[PDB]
2 protein chains.
Amino acid sequence: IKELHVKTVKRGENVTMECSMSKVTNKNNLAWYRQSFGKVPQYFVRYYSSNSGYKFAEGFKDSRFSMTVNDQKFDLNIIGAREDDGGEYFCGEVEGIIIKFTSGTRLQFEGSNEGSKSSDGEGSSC
Amino acid sequence: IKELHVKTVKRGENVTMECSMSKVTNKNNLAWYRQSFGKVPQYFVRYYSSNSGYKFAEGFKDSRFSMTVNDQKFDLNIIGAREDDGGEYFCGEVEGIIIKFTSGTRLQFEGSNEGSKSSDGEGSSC
């Protein structure tokens, strides 16, 4: 039962969550579904017989997101990396009346450590 | 976008988790998954034209687990919640090539450091 790839960084980066293709099946039932923290996972963007090769869910505005898709890949990408990006991401192919997430990813941002003037202290990592 | 039920719970508690029949489309396509923290989520138990009207994932045996499946309910029950029942559970139903998660619950425990001779030190917190 596979582990969610854990991947920390911070504001401005760019980050790539790699789902494979690769033992994948009916492309058209292939997805990502974004899960922000404490919410319920929604479908987010799907594969799409075209050049780029995807389409984001209708409910959805953000130039920052895209994917490299081709025969091997089905990766999301984000340019610069805000923080409410913070979430889990699973990529799954609905097949049957079941979806079998063949991967996804946790991306948690800052850590943190941000230029001394305002606030509490004590590091850390207690 | 629809939030998790946070359900903080005592080691030994019996827990039920709610999905509403009230608002599917087709109950032939509506199931639970369970993502153990920082794993990938997993088809877990689905709906079934049966007396009990459900049937567990083929990878799955645990007598604790059951469902209250009727006209109103698609209800996930746990006898003697223990620690590693923790995680996140969602209910959702496949619809074409998408699944749609109608709800789910972030079960957590205890809610503790349950104990006394815990502790390196502190108050708080947090």
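Per the deposited record, determination of this structure is attributed to X-ray crystallography, with the resolution reported as 2.800 Å.

Asker: Break down the packing of aromatic side chains for me, citing the residues and quoting the values.
Answerer: As enumerated under the stated definition, the model contains 22 aromatic pairs over all chains in all. Centroid distance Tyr54(B) to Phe56(B): 5.8 Å. Interplanar angle 90 degrees. Geometry classified as edge-to-face. What links up through ring pairs into an aromatic cluster is the set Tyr33(A), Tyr43(A), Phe90(A), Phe101(A), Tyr33(B), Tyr43(B), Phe90(B) and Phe101(B). Positioned over the ring face of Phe44(B) is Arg34(B), at 5.3 Å from the centre of the ring.

Asker: How would you explain the relation of the copies chain A and chain B if you had to name every residue and give the values?
Answerer: Note that the two copies of the chain are related through a rotation about an axis and a translation along the same axis. Structural alignment of chain A on chain B gives an RMSD of 1.3 Å, achieved by rotating through 180 degrees and translating 0.4 Å along the axis. In symmetry terms, the pair is related by a two-fold rotation axis. Mapped onto chain B, 96% of the interface residues of chain A again fall at the interface, so both copies present the same surface.

Asker: Could you give an account of the interface of chain A and chain B, naming the residues involved and the relevant values?
Answerer: How big an interface is tends to be reported as the loss of accessible area on association of its parts. The partner chain B presents 27 residues to the 27 residues of chain A that form the contact. Across the interface of chain A and chain B, roughly 2600 Å² is buried in total on both sides, 65% from carbon and sulfur atoms. Looking at the side of chain A facing chain B, the largest losses of area belong to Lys39(A), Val40(A) and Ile97(A), adding up to 23% of the total buried there. Seen at the junction of chain A and chain B, the total is 2 salt bridges. Between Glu3(B) and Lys39(A) there is a salt bridge; the shortest N-O distance is 2.7 Å. Summed over the shared surface of chain A and chain B, the result is 10 residue pairs in polar contact. Those elements that place two or more of their residues in the side of chain A that touches chain B are strand 3 (31-35), strand 4 (42-47), strand 8 (87-94) and strand 9 (99-107) of chain A. Per element, the largest residue contribution to the side of chain A that touches chain B is 5 residues, and it comes from strand 9 of chain A. Tallied by class, the residues present in the side of chain A that touches chain B amount to 13 nonpolar, 7 polar and 7 charged.

Asker: Tell me about unusual backbone geometry, and please be specific about residues and values.
Answerer: Excluding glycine, most residues fall at negative phi; most peptide bonds, likewise, are trans. Residue and element names in this part refer to chain A. A cis amide bond, omega 0 degrees, links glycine 123 with the succeeding residue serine 124. Within the chain, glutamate 83 stands out as a residue other than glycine whose phi angle is a positive 160 degrees. Locating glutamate 83 in the fold gives a position in the loop between strand 7 (74-79) and strand 8. Using a relative accessible area of 35% as the deciding quantity, one classes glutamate 83 as partly exposed.

Asker: I'd like to hear about the side chain of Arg64(B), residue by residue, with values.
Answerer: All names here are of chain B. For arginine 64, the location among the structural elements is in the loop between strand 5 (54-56) and strand 6 (65-69). Owing to a relative accessible area of 14%, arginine 64 belongs among the buried residues under this scheme. Within polar-contact distance, the side chain of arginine 64 engages the backbone oxygen of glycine 80 at 3.4 Å. Of note is the side chain of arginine 64, whose polar atom sits 2.4 Å from the side chain of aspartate 85.

Asker: How would you sum up the nonpolar core? Please name residues and give values.
Answerer: Counting 24 residues, the largest nonpolar core has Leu30(B), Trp32(B), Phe44(B), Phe56(B), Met67(B), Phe74(B) and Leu76(B) as its most contacted members. Apart from residues no more than four positions distant in its own chain, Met67(B) is found in contact with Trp32(B), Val45(B), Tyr54(B), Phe56(B), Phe74(B), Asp75(B), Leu76(B) and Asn77(B). Core analysis: the second largest hydrophobic core is formed by 23 residues, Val69(A), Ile78(A), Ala81(A) and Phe109(A) among them.

Asker: Provide a residue-level description of the side chain of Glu110(B), including the pertinent values.
Answerer: Structurally, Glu110(B) can be placed in the segment after strand 9 (98-109). Every residue in contact with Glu110(B), bar those within four places of it in the chain, is listed here: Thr8(B), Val9(B), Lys10(B) and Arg11(B).

How each quantity is defined
The numbering scheme restarts from 1 for each chain and tracks the written sequence of that chain rather than necessarily the entry's numbering. Residues without coordinates are not displayed. Numbering of ligands from 1 and lettering of chains from A proceed in the order in which they are written. Processing note: side-chain calculations cover all non-hydrogen atoms of the structure and skip hydrogens and water entirely. In summary, the pairing rule links any two rings of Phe, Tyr or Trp, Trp by its six-membered ring, whose centres are within 6.5 Å, and it sorts them by plane angle into stacked for under 30 degrees, edge-to-face for over 60 and tilted for everything else. Consider the ring centre and the ring normal. A charge sits over the ring if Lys NZ or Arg CZ is within 6 Å of that centre and within 35 degrees of that normal. Superposition of the copies is done by least squares over their C-alpha atoms. Working rule for contacts: check all heavy atoms of both residues, and any pair within 4.5 Å makes them a contact. In short, buried area is how much 1.4 Å probe accessible area vanishes from two parts on joining, totalled over both. The salt bridge definition used is simple: a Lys or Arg side-chain nitrogen within 4 Å of an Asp or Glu carboxyl oxygen. Polar contacts, as counted here, are pairs of nitrogen or oxygen atoms within 3.5 Å of one another; within protein the pair requires one atom able to donate a hydrogen and one able to accept it, and residues that are adjacent in sequence qualify only if both atoms are side-chain atoms. Under the DSSP-based scheme used, a helix requires at least four consecutive residues in state H or I and a strand at least two consecutive residues in state E, with every element numbered from the N terminus. Only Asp, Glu, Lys and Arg are considered charged in this grouping, and only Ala, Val, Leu, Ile, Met, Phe, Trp, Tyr, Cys and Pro are considered nonpolar; every other residue, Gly among them, is considered polar. Burial classes follow relative accessibility: with a 1.4 Å probe on protein chains only, a residue under 20% of its type's maximum area counts as buried, one over 50% as exposed, and anything between as partly exposed. As used here, the term nonpolar core means buried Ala, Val, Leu, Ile, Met, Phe, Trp, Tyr and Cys residues forming a set that is joined through side-chain atoms within 4.5 Å.

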